[PDB]
């Protein structure tokens, strides 16, 4: 039941050096895991960059390199370019099957940091008449394109019935996302205070409302 672990997200600036890592649940990564690195760019464009731990794929820019570092496989970008903003997947071989890590979103700062605009909407009266309630939290104009969203109802974090889209590009090249809280109408009626909390670059933006 081998599991491959990567940083969820890293940020660097153009010209800097950044290293991404890749860990195995079986122990140290070795050359016998033949670590691969695959880059995902927008519109689901995948490209192999590194194979067999430290071989660049033919035609790949020299700023990409691979190595083992301690327990882990590593991808280093030495002199990052804005075009290197992308999701990077590592993949490790375990004798007879290949396992991908969860991917690292790499931001290479290509515009200023921008905090999210957050809007929280209550259920509509028309929806409530169907005995259902959906709260909607919209999140726009943020960069880097990484957020965490949490919901609270009368001080209770919601662990069932919340759903958040993965960030997607706006026409102005910032990012947007939406989050949903699904309740029954009776639940809506039985609670008072509702909050959507958006954390971006270590700061939380909170919007809340009170029913009725």
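Numbering follows the first chain given and starts at 1.
Averaging the C-alpha B factors as listed in the entry, name the stretch that ends up higher: 28-36 or 158-166. The stretch with the larger mean CA B-factor is 158-166.
Pick between 122-130 and 99-107: the one whose mean CA B-factor in the entry is higher. Looking at the recorded C-alpha B-factors, 122-130 comes out higher on average.
Member of 47, 55, 148, 178 with the greatest C-alpha B factor (per the PDB record): Among 47, 55, 148, 178, the highest C-alpha B-factor in the entry belongs to 55.
Just grab whichever of 21, 195, 199, 13 has the top CA B-factor as deposited. By C-alpha B-factor in the record, 13 ranks first.
Going by the CA temperature factor in the PDB record, which third of the chain does residue 116 belong to: lowest, middle or highest? Ranked within chain, residue 116 CA B lands in the lowest tercile.
Determine, from the deposited record, the chain-internal third of the Cα B-factor for residue 210: lowest, middle or highest. Highest third, going by the recorded CA B-factors of the chain.
Using the B-factors in the PDB entry, rank residue 8's C-alpha atom against the chain and give the third, lowest, middle or highest. Middle third, going by the recorded CA B-factors of the chain.
Hey, what third does residue 140 fall into on Cα B-factor, ranked over its chain? Lowest third, going by the recorded CA B-factors of the chain.
Cα B factor band for residue 80 (lowest, middle or highest third within the chain): It belongs to the highest third of the chain when residues are ordered by C-alpha B-factor.
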